[PDB]
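Okay, so we've got a single protein chain in two different forms coming up as structure tokens, structure 1 first and structure 2 after it.
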Structure 1
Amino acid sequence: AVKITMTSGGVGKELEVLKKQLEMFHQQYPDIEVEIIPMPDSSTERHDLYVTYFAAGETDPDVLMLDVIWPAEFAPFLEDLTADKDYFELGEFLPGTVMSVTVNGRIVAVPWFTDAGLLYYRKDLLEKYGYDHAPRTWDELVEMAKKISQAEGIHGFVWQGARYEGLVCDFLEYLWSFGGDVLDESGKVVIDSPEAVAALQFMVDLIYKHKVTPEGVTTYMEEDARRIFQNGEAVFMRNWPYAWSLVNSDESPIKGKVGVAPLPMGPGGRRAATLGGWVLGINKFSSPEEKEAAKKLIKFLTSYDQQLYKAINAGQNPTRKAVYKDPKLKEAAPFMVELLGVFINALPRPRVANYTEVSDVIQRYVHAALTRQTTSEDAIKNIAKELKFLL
């Protein structure tokens, strides 16, 4: 009787799983009908779509699938949910995810699933070549990748190097593990450092010196790296947990041969993973009847049983604490439970209302360095300069 719309991506199996979740939702709320609006794979491109939605004052979409990096920017256009804190049972959620949706003391979204970078590796190939463990340092990964890739005739290491938000997530994991940072605890840009130049040079060296990563990586997003790994054509892959639901399914040629581990440590004496995730917000311009229906859909989708269903079938990490005690979860995706320390310790991108502009600066110069249009020193030097103008 009440019609609402919801945006969704189509990466992996998430759209297929959502349709099934909506079918279960309609059994519980036949008075509400939901239409899915599909989105492009790129988070950067999705961001621009939302800007045009809010600029026009559109009453659709009603439920917004938002990247964890957007709440600070999009808070003026989102329904304030602070009074619904107990309605959504936010006390049951991972506290870090609730902090991500809190903007100036106001709750502007409900956490749906959380994310962190992980290392996928061909466990069969590592044992075949005398390695009983996942690489613990970046240098050990290169050594393993070099030896196995030329013996087997496949790529060593695939990741996300296209000029979009995914590149920033990959770059920060190298920057942080090498001992650098973008901003200090105050506002000051500190990215102009020898550690940052070394981190970016290492990414360049993976392609041109060590030759463990194909130059085509400068066009890869999440799914491009996933297919190459899934088809047995890469020893290592950096990606999010979702890829597990596909590379270990019955349709995968490498099912049962995939291991998951934290990303390796760097010269900074520490390993790091970029915090990711997606949250559900409500369009401020929707009618009050639509907002009420949207609240029921968001509560249903973020309930215990639905978070478990999404985790098992789409490989996306729950935001409710208690789901990690469920034996069904450990059965489907053991790394989600065993590597929980990775997800609570995942480092966030800078939380500023203009992050997408900060990300755009990082995208241009990092990608330019990966394609050899500039050097690592000039790239880092130009990032710092233009970031200081933004901040």
Structure 2
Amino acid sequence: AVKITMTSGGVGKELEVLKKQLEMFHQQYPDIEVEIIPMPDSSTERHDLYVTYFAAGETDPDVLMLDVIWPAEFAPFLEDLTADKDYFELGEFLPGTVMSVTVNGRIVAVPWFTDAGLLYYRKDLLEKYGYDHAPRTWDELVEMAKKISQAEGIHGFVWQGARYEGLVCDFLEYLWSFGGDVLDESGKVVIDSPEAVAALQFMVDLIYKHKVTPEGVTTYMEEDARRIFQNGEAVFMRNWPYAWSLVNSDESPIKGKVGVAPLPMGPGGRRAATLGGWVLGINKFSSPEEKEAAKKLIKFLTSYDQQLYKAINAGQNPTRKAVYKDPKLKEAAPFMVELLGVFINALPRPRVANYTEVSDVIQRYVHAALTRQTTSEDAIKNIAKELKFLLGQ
């Protein structure tokens, strides 16, 4: 009776699993038909597609698949879900993911699946040199990296330092773990702090002072760091969860020699991880019967059973805390079970409507500091100054 549309958003296995999920949904809700609107695989080619839907205020699509950095931009056009927070059981989701969908105190989407930065390390090299544990502080990681890389003739620590969005993600992990922040609760720019100068200066020192990170890191993206680490040429790597399937596969030279752990903490700081992933929103311009049908679909897809199903069959990490404790997940994918201790410290990038401009500014000055075109102090001061203009403060 009621027909709603949804955007995807998918690779071949991940979309075939979505089709099965929609089948199961239709069995439980026979009066609701769901139609998938095919969407560009590029994140950029698709961000402008949606703004067109809300430029012209279309009634379709009803259910939006949104990148975790888009809620603030789309919030004026998304159905307010704050009254439905218990209907969706948001208290049982990872705290970072609930933050990522709260825009100016309004629940504006529902977390679906998630990602976050973590630390990969050569487990064999750590025990060969007498290290019981993954580094718990950043200074501890420098000490391990320096000792082991010099004795083995490899690099210490590879990560993402090219001028792109990935650099922002790496930088926020240093900033947060050193005790700093971009915006506070009220949303005012607080990045101009000694913690932030310390965090950025630490990134520079990894290259030029301690020499545990190659100078080429200023050109590295995810796969550049991965290839070096996978070939045995780095003790440590910061990356996303996707790399585990690559570096622990059969044709991988380091298979069985890789451990994973949260990123380290800074002096007097936290452990931190930058949140990635996708969320589900409702077009506020759809008819009320399409919206009500859309809420039922989102409740179904983000339920415990469906997050378990998607995790086992498509490999996406759940957003509900409890799914990580399921015994079925522990035997089907024990690596995913280990990510719980990472995801409890994951935080979202700043929730601002003009995020892409905020990111451009951070990329510009952070990369300038990594290339020694400016000092950490000047980079942080300039970021704070520009962000205050961009945010009207």
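Whichever C-alpha set is largest while still superposing within 1.5 Å between the two forms counts as the rigid core. Throughout, residue numbering runs from 1 along the sequence of structure 1. Residues that one form lacks are left out of the comparison.
With the core fitted between structure 1 and structure 2, just one of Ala145, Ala272, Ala314, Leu167 shows a Cα displacement of at least 2 Å, namely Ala314. The chain behaves as two rigid parts between structure 1 and structure 2; the smaller one is rotated by 37° relative to the larger (C-alpha superposition).
If you overlay the core, the Cα of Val68 moves by 1.9 Å between structure 1 and structure 2. Once the two forms are overlaid on the core, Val342 shows a Cα shift of 2.2 Å between structure 1 and structure 2. When the core is overlaid, the C-alpha of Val260 ends up 0.3 Å from its other position between structure 1 and structure 2.
Shifted regions between structure 1 and structure 2 (3+ consecutive residues, every CA moving 2 Å or more on the core fit): 1-67, 70-113, 278-335.
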